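**Q** Chains as they are written, first to last, in the entry's author numbering: chain B, 1 to 27; chain A, 1 to 27.
I am attaching a structure below and will ask some questions about it afterwards.
Number of protein chains: 2
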Amino acid sequence: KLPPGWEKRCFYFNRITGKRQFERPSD
Amino acid sequence: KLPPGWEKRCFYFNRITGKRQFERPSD
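In structure tokens, the structure reads:
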């Protein structure tokens, strides 16, 4: 796994709303 | 699957180097 200080950040991007979430959208 | 316009994205942040990647660094 990756090194210290690192922190994976998986955000959902709704290019429609070109907005971001930290979740898999409900839709 | 994801709703329209959505795409699950993920960038790693090494707060050490407070920089970002789209990967879990080699380490």
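We put the CB at the ideal spot given by N, CA and C, even for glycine.
With residue 9/B as the anchor, note down where its beta strand (DSSP E) starts and where it stops.
**A** If you number the first sequence from 1, residue 9/B lands on position 9. Element bounds for residue 9/B: 6 to 14.
**Q** In chain A, what lies closer than 9 Å to residue 13/B by C-beta?
**A** Residue numbering aside, residue 13/B sits at position 13 when the first sequence is read from its first letter. Within 9 Å Cβ-Cβ: 5, 6, 7, 8 and 9.
**Q** How long is the line joining the alpha carbons of residue 24/B and residue 10/B, rounded to whole angstroms?
**A** To locate residue 24/B, count along the first sequence from 1; it is residue 24. To locate residue 10/B, count along the first sequence from 1; it is residue 10. Spanning the two alpha carbons is a distance of roughly 10 Å.
**Q** List the whole-angstrom C-beta distance separating residue 13/B from residue 6/A, where the pair is believed to meet the contact cut-off of C-beta under 8 Å.
**A** Counted from its first residue, the first sequence places residue 13/B at position 13. Counted from its first residue, the second sequence places residue 6/A at position 6. Contact holds; Cβ gap of about 7 Å.
**Q** Under a three-way DSSP split, which group does residue 19/A fall into?
**A** Residue mapping note: residue 19/A aligns to position 19 of the second sequence, counting from 1. Residue state, collapsed to three classes: strand.
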